[PDB]
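Coming up, as structure tokens: structure 1 and structure 2, two forms of one and the same protein chain.
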Structure 1
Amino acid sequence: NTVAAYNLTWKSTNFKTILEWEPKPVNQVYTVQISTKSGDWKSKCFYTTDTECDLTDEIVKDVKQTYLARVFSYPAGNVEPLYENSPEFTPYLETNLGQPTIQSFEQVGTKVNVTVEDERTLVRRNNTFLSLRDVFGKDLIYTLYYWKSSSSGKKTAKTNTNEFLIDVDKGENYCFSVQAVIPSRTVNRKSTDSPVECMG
């Protein structure tokens, strides 16, 4: 008399990946396994009463592989195990892009250099964590929106690096916000907008 887990969903942002499910356990515990094929199963969260399991350490080993997960239900320590398969998950194609942050927007002469902070992830290589830019390379684009604080109409520009060098009218203050987008995706394509930064 156990309840099969249901509504198994992947919650992932910048590769930080957690599998979630229902229900809150009642006299039972769960074990979650992960694999990349059929017979590659590895248990990661053993007999927990939690309804989530962080699987980051596993998926970051290779963010472009497709992972399968299964959640087993077992009777608790008081008085055939049921299990359910999760949806497939491919990190590189599905992790959500986190909110960007503008690092600086220095105006030198008639130009403003807008630099986006590179974001470190849990994905590591050569004994070092990788930045979002490191992982995606040119697959990642930043859209900039800018406007004169003293006017209505916005302007825009894009870059496949982390900086924008834009012309501005002298003696004018502009506001800026950036957004990340992965053109090759069909869903979860964009991040939310960065906080707005304004000159002066």
Structure 2
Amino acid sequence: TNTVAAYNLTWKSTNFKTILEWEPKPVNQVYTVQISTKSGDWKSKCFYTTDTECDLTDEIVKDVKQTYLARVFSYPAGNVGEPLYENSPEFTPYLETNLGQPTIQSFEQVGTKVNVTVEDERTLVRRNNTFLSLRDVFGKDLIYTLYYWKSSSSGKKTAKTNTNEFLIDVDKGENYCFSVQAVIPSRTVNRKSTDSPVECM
């Protein structure tokens, strides 16, 4: 009983920024994390740390469609036939990472129609020394839902787009407010993002 096994391993993931979290706060012991794909070698991270978390972003963004498994080792402090460990739940980034809060880039009005453009949210997926956008990663899998309404609207109306722009119809003299939500209809969990901050005319 020189060490105690970690527990409540949890994946915290948003726009592929992926952090592994666990308990307990280290008492007289230190942790080391390993991660692998179903058939890949084990890669170690966060060597001999007293943190109860580990950023694994750089590992999972190498292939976001792979299913990853991590495990936390417990080492006795000062005394770095195997060490105690605990396995994380399986994690498939492409299917499970939370869609980040979107933000409305711009909106233009001409006549009885309005453009509402969504900012292309950049993700933690690096390629060619640059961060790929949310749509670079998901393509047609990703849609946006626009909520729009006026001061006298008995209820919000909804529009949808396969791109990052909405083109809706509106009443002539009235000001509308807007809010967008990112959706991946093909998912079974974490299908939708949180609502964007509201922008009004």
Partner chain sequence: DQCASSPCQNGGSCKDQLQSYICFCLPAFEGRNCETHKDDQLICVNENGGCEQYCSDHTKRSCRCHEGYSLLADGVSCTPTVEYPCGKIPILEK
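When a residue number appears, read it as a position in the sequence of structure 1, where counting begins at 1. Each form is matched to the other, and the largest set of C-alpha atoms that superpose within 1.5 Å is called the rigid core.
Both panels show the same chain in isolation, but it is structure 2 that comes from the form solved in complex with the partner chain.
Once the two forms are fitted on their rigid core, between structure 1 and structure 2 the CA displacement reaches 2 Å or more only for 37 among 61, 138, 37, 64.
In the core-superposed comparison between structure 1 and structure 2, residue 149 has its Cα shifted by at least 2 Å. Superposing the two forms on their core, we find that the Cα atom of residue 175 is displaced by 0.8 Å between structure 1 and structure 2.
Taking the rigid core as reference, the CA displacement of residue 128 between structure 1 and structure 2 comes to 2.2 Å.
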